Structures are given as C-alpha cells and as structure tokens.
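# Close look at the chain arrangement
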Amino acid sequence: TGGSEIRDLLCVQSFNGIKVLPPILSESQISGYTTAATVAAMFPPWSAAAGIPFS
Amino acid sequence: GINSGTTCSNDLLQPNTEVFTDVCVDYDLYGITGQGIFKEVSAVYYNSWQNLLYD
C-alpha cells in the first residue's frame, strides 16, 4: 500500500484472508541462538563440544 | 417500434466518471467487476484494440 508495482501474488493473497503471520521468534533471534551455540562450542566454557576445545 | 428495437438512447448510469487514485474506486469496465486502487502507469505498447491485461 505504500507504493510499488504489482508483480507478486502476496498482495492478492493477503487481501483475501489468506495471510502468513510471522513466527513468534524472528529469524534474527534464531540466528543469534545458533551463533551463540557455535561460539560456545569453541570458546571457553565449552558447551556444545562436551567440554573440550574444537581442535 | 415502441419498447422494441436495437438502436435507441443509452443515457443510463455507466462507470465512466473522473477516475482518480489514493482510494480503491470501484471498477466495472469491460464486463469485469472488482475492487482496487488505480495507479497511473504509462503503457503505450498496447495494441489498437487491446484494452486490458491479465496475469
């Protein structure tokens, strides 16, 4: 509605009651969660590596 | 030929008024009924008989 070109079906889909609500957890939050797990697996204290360095 | 014939007046209400944007003005042209916002987009490549375009 802010001004664009009609080239997608999401506008006709969302205006007929068939909308896609965003998840309760955004992709940024899950990405940060995965990043925290990956960093914790190597930097001390180790969590996702059974308490031992990656090497 | 009272109330029977082919050629006669057609002064009834037709959807031919001053169209404008910023609001979904009802459109009933070319036998198609729908609701939508109009937007001014230049299109000169249409044929001499072409009046619409579909998806």
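Residues numbered from 1 in each chain as written, not as in the entry; some residues may be left out. Chains lettered and ligands numbered in written order. Part of a larger assembly, values for the part shown. Heavy atoms only, no water.

Structure determination for the deposited model, as stated in its record, used cryo-EM, and the stated resolution is 3.6 Å.

Along chain A, the regular secondary structure elements total two helices and zero strands. Against the compact-globule benchmark of 10 Å for 55 residues, chain A has a radius of gyration of 21 Å, which places it well outside the compact range. Overall, chain A is about 55 × 20 × 15 Å in size when its C-alpha atoms are taken along their principal axes. Counting every position in chain A, which comprises 55 residues, the buried fraction comes to 4%. Accessible area of chain A: about 5,200 Å², with a carbon and sulfur share of 67%. (Helix = DSSP H or I, 4+ residues; strand = E, 2+ residues; numbered from the N terminus. Rg over C-alpha atoms; globule rule 2.2 N^0.38 Å. Buried < 20%, exposed > 50% of the residue type's maximum accessible area, 1.4 Å probe, protein only. Areas by Shrake-Rupley, 256 points an atom, 1.4 Å probe, with all protein chains shown as cover.)

When its secondary structure is counted, chain B shows zero helices and two strands. Out of the 55 residues in chain B, the part that is buried amounts to 4%. When the accessible surface of chain B is totalled, it reaches about 5,800 Å², and 55% of it is carbon and sulfur.

This part is about the environment of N51(B). Residues and elements named next belong to chain B. Locating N51 in the fold gives a position in the segment after β2 (34-35). Residue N51 is classed as partly exposed on the basis of its relative accessible area of 45%. As a C-alpha pair, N51 and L29 span 22 residues in sequence and 9.9 Å in three-dimensional space.

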